[PDB]
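Q: Please see the structure below; I have some questions.
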There are 2 protein chains.
Amino acid sequence: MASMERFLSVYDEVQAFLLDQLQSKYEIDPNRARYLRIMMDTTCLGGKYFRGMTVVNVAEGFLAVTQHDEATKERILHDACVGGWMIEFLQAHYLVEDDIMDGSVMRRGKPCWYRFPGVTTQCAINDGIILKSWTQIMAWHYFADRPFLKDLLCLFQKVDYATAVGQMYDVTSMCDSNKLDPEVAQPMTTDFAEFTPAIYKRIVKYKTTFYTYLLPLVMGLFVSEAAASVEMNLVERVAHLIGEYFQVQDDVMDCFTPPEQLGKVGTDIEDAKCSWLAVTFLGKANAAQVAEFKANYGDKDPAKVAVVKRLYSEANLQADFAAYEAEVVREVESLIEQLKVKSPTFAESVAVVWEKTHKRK
Amino acid sequence: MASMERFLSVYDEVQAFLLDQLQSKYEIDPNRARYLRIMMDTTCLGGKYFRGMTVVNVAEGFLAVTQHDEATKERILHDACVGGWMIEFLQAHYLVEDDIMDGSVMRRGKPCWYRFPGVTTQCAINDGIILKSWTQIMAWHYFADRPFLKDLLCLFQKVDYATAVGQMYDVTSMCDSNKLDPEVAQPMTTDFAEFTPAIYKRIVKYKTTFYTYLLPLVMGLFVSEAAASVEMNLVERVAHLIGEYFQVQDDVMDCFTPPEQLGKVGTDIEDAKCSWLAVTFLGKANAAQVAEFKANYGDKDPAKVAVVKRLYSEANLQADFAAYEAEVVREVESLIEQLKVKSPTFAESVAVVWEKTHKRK
Ligand SMILES: CCCCCCCNCC(P(=O)(O)O)P(=O)(O)O
Ligand SMILES: CCCCCCCNCC(P(=O)(O)O)P(=O)(O)O
Ligand SMILES: [Mg+2]
Ligand SMILES: [Mg+2]
Ligand SMILES: [Mg+2]
Ligand SMILES: [Mg+2]
Ligand SMILES: [Mg+2]
Ligand SMILES: [Mg+2]
Ligand code: NA
Ligand code: NA
Ligand code: NA
Ligand code: NA
């Protein structure tokens with residue numbers, strides 16, 4: 001789409017600005033510049049640009065209905081593209097660090113960044129850190145005299161902390177809460193008692209939904225000077241809901257979508273993750289199924305990993321996913337209807353977000 | 001000292017505020033709260049509090065010479081203690097991530113955080129990330145209606161990016177710049193051509209000096225509303241200079257101070273780091289010494305590591321350190337003299353910083 005190439009063109013302005021500032025102010029040599037260019041490209045490009053392109057979609061919505069000089073339209077769009085790139089760079093940061101914490105092997109149809117031969121965990125940890133400072137450098141440079149700067153930085157902060165807290169819920173999702181202890185090596189749960197819908201929901205709310213839906217949506221609002229034109233409690237509710245669905249889909253695909261289709265390789269079963277599959281399976285399994293699940297979950301072993309998949313397929317989780325999906329369609333449509341009271345344009349941007357999410361892979 | 005306990009008392013307000021906000025807003029359970037409390041304590045406490053206590057020292061300086069109501073004094077101090085803790089928490093972040101990137105084993109006389117049995121690299125990477133979000137949570141909560149908020153956040157940003165860039169110079173300091181390549185596994189340098197004073201200076205400027213001296217000093221200025229009362233080009237120069245010295249000392253101690261005295265275990269020789277020892281040794285060695293150095297540097301091997309130490313001792317680097325030190329005394333005193341034109345009080349805070357630095361371990 002033309003609009004996605006126009007987005008990428010702003011990626012090139014930003015890359016150019018960051019790398020020139022490295023040379024002019026940070027005493028960098030061409031070879032490290034080159035390494036940081038390739039790192040930026042590898043970690044930030046080749047996704048679908050969903051987060052970034054949402055910020056742009058929202059802004060366009062308000063421009064269709066709003067009186068502006070042409071130079072104001074151009075600036076709003078550019079600000080939305082820049083804000084889009086903050087969020088894509090924030091994602092890049094999270095995926096680089098996440099792939100380390102998950103012992104992942106592939107991302108966007110390539111090796112995880114830290115697995116590149118000339119990278120390694122040593123460098124990629126820091127590269128992940130650079131990725132997020134860049135989001136701040138962008139904000140302070142591009143949005144220096146913007147009315148929304150302070151509101152934006154503060155929202156960005158808050159989304160980032162929630163996501164890190166959520167990551168903590170995720171990485172410890174396989175241990176018994178009463179057993180967490182810096183001093184003692186953590187055992188994997190044997191009862192699976194904390195694999196419940198409530199616990200799963202909390203994990204997903206934090207680790208995924210703030211940065212993937214709340215941020216892009218409210219960002220689109222901020223660059224638009226349009227936050228007073230929506231019910232922010234509704235933005236939060238619908239972002240948290242669509243974001244949960246997004247993760248459930250992510251959980252399903254980890255187990256059931258071919259790696260050549262997915263672009264990554266699934267590790268949830270081996271990582272013992274609290275995925276939607278695991279929770280739902282335990283929500284409907286009989287006594288014997290639970291025992292066989294417990295014997296196999298959370299082991300690298302191919303005969304074990306494979307057994308968990310047959311336990312999943314045979315428990316007819318498409319039924320459960322279909323009823324889950326149907327309830328979310330209900331509730332998202334409703335939240336949409338509700339946002340139309342104040343903001344027909346925003347509600348429509350939300351319909352598009354929902355539709356693009358609902359039919360992905 | 002009473003003043004250090006008063007500092008710690010603000011650490012307890014902040015810990016309490018962060019952890020209560022975790023319970024009240026982030027749906028945290030007591031056991032993860034407990035893990036995050038212990039993590040905070042382990043990574044943030046038990047140092048000398050040099051960075052934090054500088055912010056307080058500077059503020060006190062201006063309070064001695066400035067008319068304020070008593071309630072204004074109390075607030076300025078509290079703001080300086082809070083700003084101090086931002087910097088200590090930012091250090092905590094850097095040391096947790098640094099110890100991962102350096103395969104370190106001890107820190108402040110204990111195991112590195114990631115080596116705690118119930119931690120591991122998986123969790124500590126994220127814990128290091130949490131540490132820095134906390135610095136932003138503090139700033140936005142404590143300094144919400146402060147005139148200096150925006151200037152502070154922007155300085156904080158800029159210091160953090162420089163330090164990450166510097167970390168990149170550090171971690172790649174042992175590879176030939178023309179050989180950096182994400183695609184190819186990096187070889188350690190055989191010529192050691194980039195072990196020069198200019199290259200070493202650049203590494204140290206960025207990785208150490210911004211966060212350890214520039215930030216605390218200017219922070220003290222910010223909380224004091226006193227930035228217009230100093231020559232900021234002089235603050236930068238003297239922070240960069242004392243900070244370089246600080247690192248040189250850090251480089252010396254890694255090789256020559258007993259681990260029971262130091263609180264850490266040295267890995268520079270084994271990591272092949274571009275330390276001040278390595279650079280100076282190559283600055284004065286003869287042909288034969290260079291060859292024997294090259295045969296042994298950058299290997300875990302105890303007979304190799306040990307040989308580099310004898311090459312260091314026998315090359316009389318105390319001579320070189322003493323001439324280095326003497327030149328820095330000259331230049332720091334001068335910068336001090338120069339800061340007295342505008343700010344006798346600040347220059348005196350700088351004398352104290354210098355004196356405390358100059359006589360450490
Ligand atoms: C500090 C790191 C924060 C990470 C944010 C959550 C990243 N989640 C996405 C992944 P998840 O399933 O690992 O949660 P993936 O795309 O690997 O399936
Ligand atoms: C993202 C990590 C940034 C790290 C900032 C520099 C940390 N340096 C201090 C250490 P260094 O000698 O490793 O530079 P140590 O105290 O281990 O001697
Ligand atoms: Mg993952
Ligand atoms: Mg993960
Ligand atoms: Mg996943
Ligand atoms: Mg280190
Ligand atoms: Mg280091
Ligand atoms: Mg050191
Ligand atoms: Na211990
Ligand atoms: Na258990
Ligand atoms: Na490759
Ligand atoms: Na070489």
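Just remember, in the structure tokens the first chain shown is A, the second B, etc., residues are 1-based per chain, and ligands are 1-based in the order shown.
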Give the residues close to ligand 3, within 12 Å, counting only C-alpha atoms and all ligand atoms; write them as a ChimeraX atom specification.

A: /A:91,94-107,112,167,170-171,207-208,247,250-251,254,264-271,273,275 /B:122

Q: Selected residues, N, CA and C atoms, written as a short mmCIF file (atom, residue, chain, number, x, y, z; two decimals), in the first residue's frame, please.

A:
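Ended up saving to selection.cif:
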```cif
data_model
loop_
_atom_site.label_atom_id
_atom_site.label_comp_id
_atom_site.auth_asym_id
_atom_site.auth_seq_id
_atom_site.Cartn_x
_atom_site.Cartn_y
_atom_site.Cartn_z
N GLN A 91 8.52 -1.81 20.39
CA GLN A 91 8.31 -3.27 20.09
C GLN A 91 9.62 -3.97 19.80
N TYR A 94 11.36 -4.63 22.96
CA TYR A 94 10.75 -5.75 23.67
C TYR A 94 11.04 -7.10 23.00
N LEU A 95 10.97 -7.18 21.66
CA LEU A 95 11.18 -8.51 21.00
C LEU A 95 12.62 -9.00 21.09
N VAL A 96 13.59 -8.08 21.01
CA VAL A 96 14.99 -8.42 21.14
C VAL A 96 15.23 -9.00 22.57
N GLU A 97 14.72 -8.32 23.61
CA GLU A 97 14.91 -8.79 24.98
C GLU A 97 14.09 -10.05 25.29
N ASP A 98 12.86 -10.08 24.78
CA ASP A 98 11.97 -11.21 24.94
C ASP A 98 12.59 -12.49 24.33
N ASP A 99 13.14 -12.38 23.11
CA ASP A 99 13.72 -13.56 22.48
C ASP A 99 14.87 -14.10 23.28
N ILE A 100 15.63 -13.23 23.94
CA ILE A 100 16.66 -13.68 24.91
C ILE A 100 16.00 -14.44 26.09
N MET A 101 15.08 -13.79 26.78
CA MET A 101 14.41 -14.44 27.89
C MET A 101 13.61 -15.75 27.52
N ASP A 102 13.26 -15.91 26.25
CA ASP A 102 12.48 -17.09 25.89
C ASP A 102 13.30 -18.21 25.22
N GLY A 103 14.62 -18.04 25.13
CA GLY A 103 15.49 -18.91 24.28
C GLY A 103 14.86 -19.19 22.92
N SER A 104 14.35 -18.15 22.27
CA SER A 104 13.75 -18.30 20.95
C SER A 104 14.85 -18.46 19.87
N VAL A 105 14.49 -19.02 18.71
CA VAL A 105 15.43 -19.17 17.59
C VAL A 105 15.09 -18.33 16.32
N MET A 106 13.81 -18.13 16.00
CA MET A 106 13.44 -17.32 14.80
C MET A 106 12.44 -16.23 15.09
N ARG A 107 12.53 -15.15 14.33
CA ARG A 107 11.66 -13.97 14.44
C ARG A 107 11.55 -13.32 13.05
N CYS A 112 16.57 -15.00 15.56
CA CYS A 112 16.47 -13.92 16.57
C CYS A 112 17.74 -13.07 16.55
N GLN A 167 5.71 -8.74 31.56
CA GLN A 167 6.80 -9.67 31.27
C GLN A 167 7.23 -10.52 32.52
N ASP A 170 4.75 -12.98 33.06
CA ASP A 170 4.87 -14.05 32.06
C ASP A 170 5.99 -15.09 32.37
N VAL A 171 7.18 -14.59 32.63
CA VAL A 171 8.35 -15.36 32.89
C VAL A 171 8.27 -16.18 34.17
N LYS A 207 1.44 -7.66 29.70
CA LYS A 207 2.56 -7.90 28.85
C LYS A 207 2.29 -7.50 27.38
N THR A 208 1.02 -7.51 26.97
CA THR A 208 0.71 -7.25 25.55
C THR A 208 -0.13 -6.03 25.25
N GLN A 247 -3.50 -11.71 21.76
CA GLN A 247 -2.60 -12.67 22.42
C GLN A 247 -3.10 -14.09 22.36
N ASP A 250 -2.16 -15.29 19.25
CA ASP A 250 -0.69 -15.54 19.34
C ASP A 250 -0.43 -16.88 20.06
N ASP A 251 -1.21 -17.16 21.09
CA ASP A 251 -1.01 -18.41 21.84
C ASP A 251 -1.40 -19.59 20.99
N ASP A 254 1.31 -20.26 18.10
CA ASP A 254 2.57 -20.85 18.62
C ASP A 254 2.59 -22.39 18.54
N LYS A 264 8.03 -17.22 13.03
CA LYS A 264 8.72 -17.66 14.24
C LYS A 264 8.59 -19.18 14.49
N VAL A 265 9.29 -19.63 15.52
CA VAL A 265 9.17 -21.01 16.00
C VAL A 265 8.60 -20.97 17.42
N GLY A 266 7.62 -21.84 17.65
CA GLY A 266 6.89 -21.87 18.90
C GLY A 266 7.70 -22.52 19.99
N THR A 267 7.67 -21.93 21.18
CA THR A 267 8.32 -22.51 22.36
C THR A 267 7.41 -22.57 23.62
N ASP A 268 6.10 -22.33 23.48
CA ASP A 268 5.26 -22.21 24.69
C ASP A 268 5.19 -23.52 25.48
N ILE A 269 4.92 -24.62 24.77
CA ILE A 269 4.87 -25.95 25.42
C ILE A 269 6.18 -26.25 26.11
N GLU A 270 7.30 -25.96 25.45
CA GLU A 270 8.60 -26.27 26.04
C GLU A 270 8.94 -25.31 27.15
N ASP A 271 8.55 -24.04 27.00
CA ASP A 271 8.78 -23.08 28.06
C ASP A 271 7.84 -23.23 29.28
N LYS A 273 4.63 -22.34 29.24
CA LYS A 273 4.06 -21.01 29.39
C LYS A 273 2.59 -21.17 29.85
N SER A 275 -0.18 -20.38 28.51
CA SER A 275 -0.86 -20.01 27.26
C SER A 275 -2.37 -20.24 27.35
N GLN B 122 17.37 -15.02 32.47
CA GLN B 122 16.03 -14.80 32.03
C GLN B 122 15.38 -13.66 32.85
#
```

Q: Report as a Markdown table the residues of chain A within 7 Å of chain B, each with its shortest atom pair and distance in Å (one decimal), using only C-alpha atoms, ordered by chain and increasing residue number.

A:
```
| residue | atom | partner | partner_atom | distance |
| --- | --- | --- | --- | --- |
| A:31 | CA | B:177 | CA | 5.9 |
| A:35 | CA | B:181 | CA | 6.4 |
| A:101 | CA | B:122 | CA | 4.5 |
| A:116 | CA | B:182 | CA | 5.9 |
| A:117 | CA | B:185 | CA | 4.5 |
| A:118 | CA | B:182 | CA | 4.0 |
| A:119 | CA | B:182 | CA | 5.3 |
| A:122 | CA | B:101 | CA | 4.5 |
| A:126 | CA | B:164 | CA | 6.8 |
| A:130 | CA | B:164 | CA | 6.1 |
| A:133 | CA | B:161 | CA | 5.7 |
| A:136 | CA | B:157 | CA | 6.8 |
| A:157 | CA | B:136 | CA | 6.8 |
| A:161 | CA | B:133 | CA | 5.7 |
| A:164 | CA | B:130 | CA | 6.1 |
| A:177 | CA | B:31 | CA | 5.9 |
| A:178 | CA | B:31 | CA | 6.3 |
| A:180 | CA | B:31 | CA | 6.7 |
| A:181 | CA | B:118 | CA | 5.4 |
| A:182 | CA | B:118 | CA | 4.0 |
| A:183 | CA | B:118 | CA | 5.3 |
| A:184 | CA | B:118 | CA | 4.7 |
| A:185 | CA | B:118 | CA | 4.1 |
| A:186 | CA | B:118 | CA | 5.4 |
```

Q: Write to file, as a compact mmCIF listing (two decimals), in the first residue's frame, the residues of the selection just made, with N, CA, C and O atoms.

A:
```
# COMPACT_ATOMS: atom_id res chain seq x y z
N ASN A 31 32.11 2.12 11.10
CA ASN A 31 31.80 0.72 11.26
C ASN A 31 30.76 0.47 12.37
O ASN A 31 29.88 -0.38 12.20
N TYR A 35 27.08 -1.20 11.93
CA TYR A 35 26.44 -2.12 12.83
C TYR A 35 25.11 -1.59 13.42
O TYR A 35 24.14 -2.32 13.49
N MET A 101 15.08 -13.79 26.78
CA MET A 101 14.41 -14.44 27.89
C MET A 101 13.61 -15.75 27.52
O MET A 101 13.30 -16.60 28.37
N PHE A 116 22.30 -13.91 15.79
CA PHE A 116 23.19 -13.54 14.70
C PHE A 116 24.64 -13.79 15.10
O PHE A 116 24.99 -13.56 16.24
N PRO A 117 25.48 -14.31 14.18
CA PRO A 117 26.81 -14.74 14.64
C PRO A 117 27.71 -13.64 15.27
O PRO A 117 28.41 -13.90 16.31
N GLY A 118 27.63 -12.46 14.66
CA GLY A 118 28.37 -11.31 15.06
C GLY A 118 27.69 -10.44 16.13
O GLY A 118 28.16 -9.32 16.41
N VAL A 119 26.58 -10.95 16.68
CA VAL A 119 25.82 -10.31 17.78
C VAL A 119 26.06 -11.01 19.14
O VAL A 119 26.92 -10.57 19.87
N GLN A 122 25.59 -10.97 24.74
CA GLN A 122 26.33 -9.85 25.24
C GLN A 122 25.88 -8.56 24.51
O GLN A 122 25.30 -7.65 25.16
N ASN A 126 22.35 -4.99 25.14
CA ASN A 126 22.58 -3.56 24.94
C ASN A 126 21.93 -2.95 23.71
O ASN A 126 21.45 -1.82 23.73
N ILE A 130 19.49 0.29 23.63
CA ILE A 130 19.61 1.36 22.63
C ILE A 130 18.28 1.59 21.92
O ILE A 130 17.88 2.75 21.76
N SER A 133 16.10 3.74 23.98
CA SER A 133 16.54 5.16 24.14
C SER A 133 16.24 5.87 22.87
O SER A 133 15.83 7.06 22.86
N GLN A 136 12.95 7.71 22.94
CA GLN A 136 13.03 8.98 23.63
C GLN A 136 13.74 10.07 22.82
O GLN A 136 13.30 11.23 22.80
N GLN A 157 5.91 6.19 29.09
CA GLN A 157 6.43 5.70 30.38
C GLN A 157 5.54 4.64 30.96
O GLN A 157 5.97 3.51 31.22
N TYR A 161 6.26 0.52 31.59
CA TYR A 161 6.36 -0.11 32.91
C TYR A 161 5.36 -1.23 33.01
O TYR A 161 5.67 -2.31 33.54
N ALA A 164 6.73 -4.17 31.12
CA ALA A 164 7.79 -4.87 31.89
C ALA A 164 7.24 -5.70 33.07
O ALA A 164 7.72 -6.77 33.32
N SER A 177 3.61 -19.23 42.87
CA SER A 177 3.81 -17.90 43.47
C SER A 177 4.42 -17.99 44.87
O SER A 177 5.37 -17.25 45.16
N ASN A 178 3.92 -18.89 45.71
CA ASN A 178 4.53 -19.17 47.05
C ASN A 178 5.93 -19.71 47.01
O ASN A 178 6.59 -19.78 48.03
N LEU A 180 8.43 -18.40 44.71
CA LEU A 180 9.36 -17.41 44.16
C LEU A 180 10.27 -16.95 45.27
O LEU A 180 9.81 -16.63 46.38
N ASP A 181 11.56 -16.97 44.96
CA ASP A 181 12.56 -16.64 45.92
C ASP A 181 13.88 -16.48 45.19
O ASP A 181 14.40 -17.41 44.66
N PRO A 182 14.40 -15.25 45.13
CA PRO A 182 15.73 -14.95 44.60
C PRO A 182 16.78 -15.93 45.11
O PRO A 182 17.68 -16.33 44.35
N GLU A 183 16.65 -16.33 46.37
CA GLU A 183 17.66 -17.19 47.01
C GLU A 183 17.65 -18.68 46.57
O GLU A 183 18.69 -19.31 46.58
N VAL A 184 16.46 -19.20 46.22
CA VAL A 184 16.21 -20.63 45.87
C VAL A 184 15.89 -20.84 44.36
O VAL A 184 15.06 -20.11 43.79
N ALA A 185 16.54 -21.80 43.70
CA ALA A 185 16.26 -22.06 42.27
C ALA A 185 14.83 -22.50 42.06
O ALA A 185 14.41 -23.50 42.64
N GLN A 186 14.09 -21.76 41.24
CA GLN A 186 12.66 -22.04 41.08
C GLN A 186 12.30 -23.36 40.31
O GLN A 186 12.73 -23.56 39.18
```

Q: What residues in segment 48-283 of chain B get the DSSP label alpha helix (DSSP H)? Please answer as number ranges by chain.

A: B: 50-64, 70-101, 120-142, 149-171, 197-204, 215-223, 232-256, 259-262, 268-271, 276-283

Q: Report, in Å to a single decimal, how far apart atom CA of residue 21 of chain A and atom CA of residue 232 of chain B are.

A: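 So the answer is 20.9 Å.
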
Q: Find the residues near ligand 10. Use a cut-off of 6 Å, count only C-alpha atoms and all ligand atoms, and write them as a ChimeraX atom specification.

A: /A:176,189-191

Q: Go ahead and dump the residues you just picked, N, CA, C and O atoms, as an mmCIF file, in the first residue's frame.

A:
```cif
data_model
loop_
_atom_site.group_PDB
_atom_site.id
_atom_site.type_symbol
_atom_site.label_atom_id
_atom_site.label_comp_id
_atom_site.auth_asym_id
_atom_site.auth_seq_id
_atom_site.Cartn_x
_atom_site.Cartn_y
_atom_site.Cartn_z
ATOM 1 N N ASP A 176 5.215 -21.748 41.135
ATOM 2 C CA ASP A 176 4.192 -21.500 42.153
ATOM 3 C C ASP A 176 4.560 -20.166 42.859
ATOM 4 O O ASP A 176 5.695 -19.991 43.299
ATOM 5 N N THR A 189 5.899 -25.487 38.513
ATOM 6 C CA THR A 189 4.654 -25.997 39.144
ATOM 7 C C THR A 189 4.374 -27.457 38.752
ATOM 8 O O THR A 189 4.562 -27.833 37.572
ATOM 9 N N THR A 190 3.929 -28.247 39.741
ATOM 10 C CA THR A 190 3.345 -29.589 39.517
ATOM 11 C C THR A 190 1.816 -29.492 39.604
ATOM 12 O O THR A 190 1.154 -30.213 38.897
ATOM 13 N N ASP A 191 1.227 -28.607 40.427
ATOM 14 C CA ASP A 191 -0.250 -28.605 40.435
ATOM 15 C C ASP A 191 -0.913 -27.814 39.270
ATOM 16 O O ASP A 191 -2.057 -28.074 38.921
#
```

Q: So, with only C-alpha atoms and all ligand atoms as the atoms that count, which of A:173, A:229, A:135, A:9 lies closest to ligand 4?

A: A:173

Q: Kindly give the distance, in Å, that separates atom CA of residue 240 of chain A and atom CA of residue 89 of chain A, rounded to a single decimal.

A: 21.0 Å

Q: Near residue 297 of chain A, within 8 Å and counting only C-alpha atoms, which residues show up once chain neighbours fewer than 2 positions away are dropped, as a list in words?

A: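 So the residues in contact are residues 269, 270, 272, 293, 294, 295, 299, 304, 305 and 308 of chain A.
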
Q: Export N, CA and C atoms of the chosen residues as an mmCIF file, in the first residue's frame?

A:
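Result file is part.cif:
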```cif
data_model
loop_
_atom_site.group_PDB
_atom_site.id
_atom_site.type_symbol
_atom_site.label_atom_id
_atom_site.label_comp_id
_atom_site.auth_asym_id
_atom_site.auth_seq_id
_atom_site.Cartn_x
_atom_site.Cartn_y
_atom_site.Cartn_z
ATOM 1 N N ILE A 269 4.924 -24.625 24.773
ATOM 2 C CA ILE A 269 4.869 -25.947 25.424
ATOM 3 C C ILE A 269 6.178 -26.254 26.113
ATOM 4 N N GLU A 270 7.302 -25.965 25.455
ATOM 5 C CA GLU A 270 8.596 -26.272 26.038
ATOM 6 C C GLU A 270 8.936 -25.307 27.145
ATOM 7 N N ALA A 272 6.867 -24.144 29.198
ATOM 8 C CA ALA A 272 5.762 -24.283 30.194
ATOM 9 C C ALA A 272 4.933 -23.021 30.346
ATOM 10 N N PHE A 293 -1.354 -34.623 30.978
ATOM 11 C CA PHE A 293 -0.841 -33.322 30.675
ATOM 12 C C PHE A 293 0.325 -33.049 31.592
ATOM 13 N N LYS A 294 0.129 -33.260 32.899
ATOM 14 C CA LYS A 294 1.167 -32.930 33.872
ATOM 15 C C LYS A 294 2.423 -33.716 33.583
ATOM 16 N N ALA A 295 2.287 -34.945 33.067
ATOM 17 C CA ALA A 295 3.500 -35.781 32.776
ATOM 18 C C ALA A 295 4.376 -35.252 31.665
ATOM 19 N N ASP A 299 8.732 -29.619 28.757
ATOM 20 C CA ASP A 299 9.938 -30.379 28.459
ATOM 21 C C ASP A 299 10.260 -30.196 26.973
ATOM 22 N N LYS A 304 7.338 -35.792 24.255
ATOM 23 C CA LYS A 304 6.562 -35.069 25.255
ATOM 24 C C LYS A 304 5.827 -33.888 24.626
ATOM 25 N N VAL A 305 6.566 -32.987 23.985
ATOM 26 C CA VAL A 305 5.964 -31.816 23.313
ATOM 27 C C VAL A 305 4.820 -32.251 22.396
ATOM 28 N N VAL A 308 1.446 -33.306 24.222
ATOM 29 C CA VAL A 308 0.674 -32.134 24.621
ATOM 30 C C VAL A 308 -0.190 -31.637 23.436
#
```

Q: What's around residue 85 of chain A at 7 Å? Count only C-alpha atoms, leave out sequence neighbours fewer than 4 positions away in its own chain, and write the answer as a VMD selection string.

A: chain A and resid 11 52 81 89

Q: Print the selection's residues with N, CA and C atoms to a file, as a PDB file, in the first residue's frame.

A:
```
ATOM      1  N   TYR A  11      10.536   6.313   8.487  1.00  0.00           N
ATOM      2  CA  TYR A  11      11.603   5.485   9.068  1.00  0.00           C
ATOM      3  C   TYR A  11      12.999   5.950   8.563  1.00  0.00           C
ATOM      4  N   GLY A  52       2.413   0.850  14.388  1.00  0.00           N
ATOM      5  CA  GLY A  52       2.728   2.161  13.803  1.00  0.00           C
ATOM      6  C   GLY A  52       1.597   2.673  12.916  1.00  0.00           C
ATOM      7  N   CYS A  81       3.447   9.476  11.949  1.00  0.00           N
ATOM      8  CA  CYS A  81       4.420   8.502  11.410  1.00  0.00           C
ATOM      9  C   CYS A  81       5.583   8.349  12.390  1.00  0.00           C
ATOM     10  N   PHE A  89       9.722   0.988  17.374  1.00  0.00           N
ATOM     11  CA  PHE A  89      11.045   0.836  18.025  1.00  0.00           C
ATOM     12  C   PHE A  89      10.941   0.271  19.448  1.00  0.00           C
TER      13      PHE A  89
END
```

Q: Could you name the residues that touch residue 345 of chain B at 8 Å or less, counting only C-alpha atoms, but leaving out those on the same chain fewer than 5 positions away, as a list in words?

A: residues 61, 62, 65 and 340 of chain B

Q: Give me, as a PyMOL selection string, the residues of segment 34-281 of chain B that a backbone DSSP run labels strand (DSSP E).

A: chain B and resi 106-107+110-111

Q: Give me, please, the distance in Å between atom CA of residue 72 of chain A and atom CA of residue 155 of chain A, quoted to one decimal.

A: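 Going from atom CA of residue 72 of chain A over to atom CA of residue 155 of chain A covers 23.8 Å.
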
Q: Can you pull out the residues contacting segment 351-355 of chain B? Cut-off 8 Å, using only C-alpha atoms, and skip same-chain residues under 2 positions away; I want them as a ChimeraX atom specification.

A: /B:54,242,332-333,336,347-349,357-359

Q: Can I get the selected residues back with N, CA, C and O atoms, as an mmCIF file, in the first residue's frame?

A:
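Writing the result to out03.cif gives the following:
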```
data_model
loop_
_atom_site.group_PDB
_atom_site.id
_atom_site.type_symbol
_atom_site.label_atom_id
_atom_site.label_comp_id
_atom_site.auth_asym_id
_atom_site.auth_seq_id
_atom_site.Cartn_x
_atom_site.Cartn_y
_atom_site.Cartn_z
ATOM 1 N N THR B 54 25.955 12.937 45.983
ATOM 2 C CA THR B 54 26.391 14.164 45.264
ATOM 3 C C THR B 54 25.242 15.127 45.004
ATOM 4 O O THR B 54 25.397 16.330 45.179
ATOM 5 N N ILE B 242 36.869 14.263 35.865
ATOM 6 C CA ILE B 242 36.865 13.486 37.121
ATOM 7 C C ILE B 242 36.315 12.065 36.846
ATOM 8 O O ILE B 242 36.769 11.051 37.423
ATOM 9 N N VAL B 332 41.880 19.463 37.211
ATOM 10 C CA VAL B 332 40.619 19.542 37.987
ATOM 11 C C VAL B 332 40.634 20.861 38.825
ATOM 12 O O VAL B 332 39.713 21.685 38.753
ATOM 13 N N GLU B 333 41.742 21.083 39.521
ATOM 14 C CA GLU B 333 41.929 22.310 40.309
ATOM 15 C C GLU B 333 41.673 23.599 39.512
ATOM 16 O O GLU B 333 41.120 24.592 40.031
ATOM 17 N N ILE B 336 38.052 23.909 38.685
ATOM 18 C CA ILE B 336 37.510 24.398 39.925
ATOM 19 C C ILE B 336 37.661 25.910 40.055
ATOM 20 O O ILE B 336 36.652 26.581 40.155
ATOM 21 N N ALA B 347 31.652 25.370 43.020
ATOM 22 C CA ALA B 347 33.034 24.985 42.868
ATOM 23 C C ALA B 347 33.469 24.224 44.091
ATOM 24 O O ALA B 347 34.170 23.219 43.984
ATOM 25 N N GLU B 348 33.034 24.686 45.242
ATOM 26 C CA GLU B 348 33.282 23.959 46.482
ATOM 27 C C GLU B 348 32.618 22.533 46.529
ATOM 28 O O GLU B 348 33.230 21.547 47.051
ATOM 29 N N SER B 349 31.405 22.402 45.987
ATOM 30 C CA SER B 349 30.755 21.075 45.900
ATOM 31 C C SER B 349 31.595 20.184 45.003
ATOM 32 O O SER B 349 31.795 18.969 45.298
ATOM 33 N N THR B 357 36.504 11.340 45.419
ATOM 34 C CA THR B 357 36.862 10.455 44.305
ATOM 35 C C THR B 357 38.311 10.058 44.339
ATOM 36 O O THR B 357 38.644 8.885 44.065
ATOM 37 N N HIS B 358 39.137 11.069 44.650
ATOM 38 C CA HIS B 358 40.622 11.054 44.543
ATOM 39 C C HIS B 358 41.202 10.071 45.556
ATOM 40 O O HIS B 358 42.090 9.308 45.228
ATOM 41 N N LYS B 359 40.619 10.042 46.748
ATOM 42 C CA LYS B 359 41.058 9.169 47.839
ATOM 43 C C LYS B 359 40.222 7.882 48.065
ATOM 44 O O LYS B 359 40.359 7.264 49.110
#
```

Q: Using only C-alpha atoms and all ligand atoms, pick whichever of A:346, A:246, A:321, A:312 has the shortest atom-to-atom distance to ligand 5.

A: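 Smallest separation from ligand 5 among the options: A:246.
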
Q: Between A:204, A:83, A:12, A:40, single out the one closest to ligand 4, counting only C-alpha atoms and all ligand atoms.

A: A:204
